[PDB]
Amino acid sequence: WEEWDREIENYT
Amino acid sequence: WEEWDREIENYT
Amino acid sequence: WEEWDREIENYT
Amino acid sequence: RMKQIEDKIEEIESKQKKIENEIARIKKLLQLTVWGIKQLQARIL
Amino acid sequence: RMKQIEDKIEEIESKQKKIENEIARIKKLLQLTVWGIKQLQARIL
Amino acid sequence: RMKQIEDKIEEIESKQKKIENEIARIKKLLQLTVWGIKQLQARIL
Ligand SMILES: [Cl-]
């Protein structure tokens, strides 16, 4: 879920 | 969560 | 939730 | 120069249709993730 | 031929504004589904 | 009149690339919210 969360702010 | 829900139909 | 899930891969 | 400019526009128009269709699918796709978000809330809170 | 090509572009530009505004709303709409996803996680896990 | 119409199109093309790149990011961003939605379901229901 960290990858999920890192990726969230990453693609946003 | 109402702001969340008001905003949902608002931006959609 | 199957319709939901069928539709997910459907529109993606 | 005229003709090639008309060909540029055909392309642009072509790519724009692609864009609009993709966006249509993105909006419905978002409708579905909204349902699921709200559904999970009901069960849980 | 010139004029009609300028009219084609007005349309294209017009449709492009529509596209950009819709995308703005899609991004905020996605911001909101992210909040809800993360919120439900806190309560539950 | 020709040249300025070619400059209009460069802009249009430029804005269209921006649009396509943003959409790419929106689709992946949606892929991620889907995962999270489905993940929360497993834990809970
Ligand atoms: Cl466009």
Checklist entry - Does E:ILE23 fit the bill of being part of a helix (DSSP H, G or I), within 11 Å of the ligand (Cβ to nearest atom) and within 12 Å of the chain's Cα centre (by Cα)? => result yes
Item to check | Set E:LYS8, E:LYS3: member being more than 16 Å from the ligand (Cβ to nearest atom) and of a type in the set (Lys, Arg) | outcome: E:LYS3
Checklist entry - Is it true that some residue in region F:27-44 is over 10 Å from the mean Cα position of the chain (by Cα), surrounded by fewer than 12 Cβ atoms within 10 Å (Cβ to Cβ) and either more than 10 Å from chain E (Cβ to nearest Cβ) or within 11 Å of the ligand (Cβ to nearest atom) (or both)? => result yes
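All Cβ positions, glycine included, derive from the backbone under ideal geometry; neighbour counts span all protein chains shown. Read-outs throughout are calculated quantities, based only on the coordinates presented, and are distinct from any laboratory measurement.
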